[PDB]
Structures are given as structure tokens and as C-alpha cells.
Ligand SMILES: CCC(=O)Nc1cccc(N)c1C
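Single chain ahead, by itself, as C-alpha cells, in the form solved without this ligand.
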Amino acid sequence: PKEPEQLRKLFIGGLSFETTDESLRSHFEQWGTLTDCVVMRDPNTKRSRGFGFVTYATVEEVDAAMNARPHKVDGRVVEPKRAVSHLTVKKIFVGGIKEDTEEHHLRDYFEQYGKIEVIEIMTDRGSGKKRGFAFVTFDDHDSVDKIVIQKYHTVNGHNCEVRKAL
């Protein structure tokens, strides 16, 4: 069974206006099999709109392409993002961790999604007791984009609720 197509697709912004379907494809085929690759153009002038999308055969190929950023395509550094589920942030809310979840629990799990810069375990302003939720800040948005499309997150035995934090 194939992963849903929406999860295999990358928005590429910031294209050179000279990038074509063919040159975008030739670039991004370095990181996997592309089932689709389109530069968006004006319907009348055919002038590029400066963005496009590519679709890989598998999510692991999407990961490989994102891990190979920065991408310089036809001389210009472009901006790939996974398709929306774009609210582009580097921080997540992690709920449901209760009072026994510590920093190392959160770090050991989330470090495999991206490079962590801040872990904030929330405590009561008056008593200092743990409130049962936390924020994790990464150095880049793709970590968050991978995290929030998962159906489940299990950390320290708890089924957690994870969302983008703004």
C-alpha cells in the first residue's frame, strides 16, 4: 500500500522564473522517484509564477529531499515545504505528559524528528507543580511538519496530543 499522495508532495517556492518542469524534475530526482513535477505558470503568458510542486513515490524520499536542503535549483536557493494538513513554525505544544515526564523523555523522542533548541516543561506559576504539557522548539520547520501529521505520539508511556505552537 502506498502512502497518501498528499504526504508525498513538496511545495517548492522561490523558483527561478527560468526553471521548467524538466529542470525541476532533473534536480529533485536526485533524492527519489518523482511521480509528478509541475512548475506553476500563468495561463495566458506562460510566465512562471515562481513556485511548483514535486511528488515522490514514498515519504522516505520526501525526507531525503528535505534532508538535502538547502536546494539550489537553476542557480537560486528554493524553499521546499511539505503539503498542508502553510503555517510554518518551529515550535510544538506537547500535551498529556502528566507529572512524571521529564526533559530527557521529550528529548530522546523528539530529537529523531529534528534538532532541538528549547524544551520547556510547564509548571504552575504558584506551586511549581508540573502542569502536564510542554513546548519543544526545533531549529527548522520540517521537524514540526513531520511531527504533526503523525496519528500518534507515545512518550514516557503517555498517548500525547501534539500540535503546532505559534
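When you see a residue number, it is the position in the sequence shown, counting from 1.
Same protein, other form: the form deposited with this ligand bound, not shown, and the subject of what follows.
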query	finding
Distance check, residue 158 to this ligand in the entry with it bound, heavy atom within 4.5 Å	no
Contact label in the entry with it bound: residue 114 to this ligand, heavy atom within 4.5 Å	yes
Contact flag, residue 18 vs this ligand in the entry with it bound, heavy atom cut 4.5 Å	yes
Contact flag, residue 67 vs this ligand in the entry with it bound, heavy atom cut 4.5 Å	yes
Residue (of 29, 63, 36, 100) lying close to this ligand in the entry with it bound, criterion heavy atoms within 4.5 Å	63
Contacts with this ligand in the entry with it bound, stretch 41-65 (heavy atom within 4.5 Å)	41, 45, 46, 47, 63
